[PDB]
Amino acid sequence: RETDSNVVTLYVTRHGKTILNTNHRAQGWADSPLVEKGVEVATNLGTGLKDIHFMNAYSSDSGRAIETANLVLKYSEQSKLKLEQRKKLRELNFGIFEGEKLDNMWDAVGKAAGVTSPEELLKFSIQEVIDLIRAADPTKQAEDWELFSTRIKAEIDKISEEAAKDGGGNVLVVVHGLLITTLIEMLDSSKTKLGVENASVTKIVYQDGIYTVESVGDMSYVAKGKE
């Protein structure tokens, strides 16, 4: 309860570039390891985070997120900090589209939107785009907005509240592109960005139940590491 003034800073980090990312395929609950270029960039991310002291580290249970978290912990000079994996931090479940070429998925989603080109989908809110993915999936295994947004926010709230109970501090959270876009939309849609890059950092401050989105898809940590 003495937690009210504590500040928690979430370094909400997209994992490094994988095989499926490189081959332009939907990778949600599907997973694949980092490619060497991805390893290089995640290594620079770690170096660029060496002066940020983390109290906790979390990732999804996706191999790509685990691998990236281990690289960041190693190169940020916190190799012994325990990594906590959480299944509720997974990327959106693309259902029938898992592993499909993104061009094929978007053609099928655009058809469900009844739009000429998947181009016009960019006009759509993230809410309606994620809804359209499940609409296009005949198996209805893909998550919709209400499923995804609910589980993402509950888990981020849990991590924030726990960190505040432990005195506040910095928390590394290695997760996924749509999850990040979705979380920003929920917290402060004035800052929402689709397509945050691999190894980018979205810094979110939490205090007394109030979130502040400080940065979105920041590549400065990689660049610091790279110098």
Side-chain angles (χ1 to χ4, degrees), residues 6-21 27-93 148 151-184 196-206 211 214-215 217-222 224-225:
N6 298 166
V7 164
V8 172
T9 310
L10 307 180
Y11 288 74
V12 185
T13 302
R14 185 173 171 218
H15 55 74
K17 185 179 284 172
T18 69
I19 287 165
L20 292 174
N21 282 333
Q27 176 189 68
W29 285 24
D31 177 58
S32 63
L34 303 195
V35 295
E36 180 52 52
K37 275 161 164 87
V39 167
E40 294 176 359
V41 175
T43 295
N44 288 336
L45 174 62
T47 305
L49 288 170
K50 77 188 167 184
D51 295 325
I52 302 303
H53 182 72
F54 296 112
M55 179 180 76
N56 284 74
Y58 293 92
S59 68
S60 64
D61 67 309
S62 300
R64 65 201 181 272
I66 296 158
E67 181 177 359
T68 305
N70 291 336
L71 287 163
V72 169
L73 296 171
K74 176 166 178 192
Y75 291 95
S76 73
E77 310 185 301
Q78 290 189 262
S79 279
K80 302 174 170 174
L81 180 59
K82 183 191 183 205
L83 180 59
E84 301 216 84
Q85 302 171 27
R86 296 286 185 271
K87 294 193 284 258
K88 289 159 179 169
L89 292 179
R90 283 171 186 174
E91 183 60 306
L92 180 75
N93 189 337
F148 188 51
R151 84 170 154 85
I152 269 40
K153 180 63 164 37
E155 189 67 29
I156 294 283
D157 286 345
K158 183 170 187 279
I159 288 162
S160 296
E161 286 170 9
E162 182 168 333
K165 298 184 216 194
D166 285 344
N170 303 314
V171 180
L172 172 73
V173 181
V174 182
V175 291
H176 304 278
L178 287 184
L179 184 152
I180 289 160
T181 292
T182 295
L183 180 63
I184 302 159
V196 307
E197 289 189 72
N198 295 109
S200 70
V201 174
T202 294
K203 180 177 166 197
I204 298 169
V205 171
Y206 171 95
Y211 290 99
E214 187 171 325
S215 69
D218 193 351
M219 293 293 294
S220 72
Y221 304 96
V222 166
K224 180 181 170 153

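Count residues from 1 along the sequence.
For the pairing with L45, the side chain to side chain contact (heavy atoms under 4.5 Å, CB included) check across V201, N198, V174 returns one residue only, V201. With respect to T202, the side chain to side chain contact (heavy atoms under 4.5 Å, CB included) criterion is satisfied by exactly one of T181, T13, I184: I184.
Taking the side chain as every heavy atom from C-beta outward, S160 and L10 approach each other to under 4.5 Å. The closest side-chain heavy-atom distance from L49 to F54 is below 4.5 Å. Residues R64 and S32 have side chains not in contact (no heavy-atom distance under 4.5 Å, counting atoms from C-beta outward). A 4.5 Å side-chain heavy-atom check between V12 and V175 finds at least one atom pair inside the cut-off. Taking the side chain as every heavy atom from C-beta outward, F148 and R90 never approach each other to under 4.5 Å. Side chains of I204 and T9 form no contact here, defined as non-hydrogen atoms less than 4.5 Å apart. Between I180 and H176 the shortest side-chain heavy-atom distance does not fall below 4.5 Å. No side-chain heavy atom of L81 sits less than 4.5 Å from a side-chain heavy atom of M55.
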* Asked: Under the side chain to side chain contact (heavy atoms under 4.5 Å, CB included) criterion, do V205 and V8 qualify, and how do the steps go?
  -> CA-CA 6 Å; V205 171; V8 172; over 6 Å; no
* Run the side-chain hydrogen bond (donor to acceptor under 3.5 Å, both in side chains) check on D218 and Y11 step by step: do they pass? -> CA-CA 10 Å; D218 193 351; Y11 288 74; over 6 Å; no
* To do: Test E162 against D166 for side chain to side chain contact (heavy atoms under 4.5 Å, CB included), laying out the working first.
  => CA-CA 6 Å; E162 182 168 333; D166 285 344; 4.3 Å; yes
* Test log, rule side chain to side chain contact (heavy atoms under 4.5 Å, CB included), inputs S59 and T68 -> CA-CA 9 Å; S59 68; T68 305; over 6 Å; no
* Go through the steps to decide whether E214 and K203 satisfy the test salt bridge (charged side-chain N to carboxylate O under 4.0 Å, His left out), and finish with yes or no. => CA-CA 5 Å; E214 187 171 325; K203 180 177 166 197; 2.8 Å; yes
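When all heavy atoms are compared, the tightest approach of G16 to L34 is O-CD2, 3.3 Å. Between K88 and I152, the shortest heavy-atom distance links the atoms O-CD1, 3.7 Å. The two residues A199 and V222 make their nearest non-hydrogen contact at O-CG2, 3.6 Å. Shown here for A30 and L20, the closest heavy-atom pair between the two residues is CB-CD1, 4.3 Å. Smallest separation of non-hydrogen atoms from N6 and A164: OD1-O, 2.8 Å.
For the atom pair CG of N56 and OH of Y58, the computed distance is 4.5 Å after rounding to the nearest 0.5 Å. Taking OG of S60 as the reference point, atom CG of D31 lies at 7.5 Å (rounded to 0.5 Å). If you take OG1 on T182 and NZ on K153, they are separated by 13.0 Å, rounding to the nearest 0.5 Å. Atom CD of residue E36 and atom OG1 of residue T43 lie 7.5 Å apart, to the nearest 0.5 angstrom. Remark: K224 NZ to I52 CD1 distance equals 7.0 Å, nearest 0.5 Å. Note: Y221 OH to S215 OG = 5.0 Å, rounded to the nearest 0.5 Å.
Using modelled atom types and a 3.5 Å distance limit, the side chains of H15 and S62 yield no donor-acceptor pair.
By the neighbour-count criterion of 12 heavy atoms within 6.0 Å, atom CD of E197 is sparsely surrounded, having that number or fewer from other residues, nucleotides or ligands.
Panel note: side chain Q85, backbone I66; no donor-acceptor pair is recorded below 3.5 Å. Put simply, the side chain of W29 never gets that close to the backbone of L92: no donor and acceptor are under 3.5 Å apart.
Between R86 and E155 there is a salt bridge, with a side-chain nitrogen of the basic residue lying less than 4.0 Å from a carboxylate oxygen of the acidic one. With respect to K87 and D61, no salt bridge is recorded, no charged nitrogen being found less than 4.0 Å from a carboxylate O.
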